[PDB]
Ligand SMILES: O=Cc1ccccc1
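Okay, so here's just one chain, in structure tokens, the form deposited without the named molecule.
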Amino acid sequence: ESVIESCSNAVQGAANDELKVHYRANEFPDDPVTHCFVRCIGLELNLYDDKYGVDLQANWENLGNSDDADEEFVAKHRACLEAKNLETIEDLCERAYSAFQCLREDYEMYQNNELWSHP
């Protein structure tokens, strides 16, 4: 997709065949390149923001929903994200990847078939 290709170009090292195989299969290894790639995608799809964190409503919708997010989805993810103390993570890519880890369970369940967390 458009955003994968662009982000692989915007992120040093991400235009890598072997990483891009993982990316198109929705797997995101814990490595500095992938950290920045994940940040780039979240930024481009407006799922994430360095300052305001994760848009929980936008991610809900990115999980195949068109309604207001379940309250318990919002609650659980806000709590997950706050437990990660994202504001204390100096590297912006690592911060974004850490944030994303809260939503991994959700994305995987979906792949198997605005509510900013930091206002």
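When you see a residue number, it is the position in the sequence shown, counting from 1.
In what follows, reference is made to the form solved in complex with the named molecule, a form of this protein that is not presented.
- Of the heavy atoms in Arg39, some are within 4.5 Å of the named molecule in the deposited bound form.
- For the chain shown alone, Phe100 is a contact residue for the named molecule in the deposited bound form, at least one non-hydrogen atom being within 4.5 angstroms.
- In the deposited bound form, the named molecule stays beyond 4.5 Å of every heavy atom belonging to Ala69.
- Looking at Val33, you'd find every heavy atom of it more than 4.5 angstroms from the named molecule in the deposited bound form.
- Contacts with the named molecule in the deposited bound form, taken as any heavy atom within 4.5 Å, map within 42-58 to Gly42, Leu47, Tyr48, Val54.
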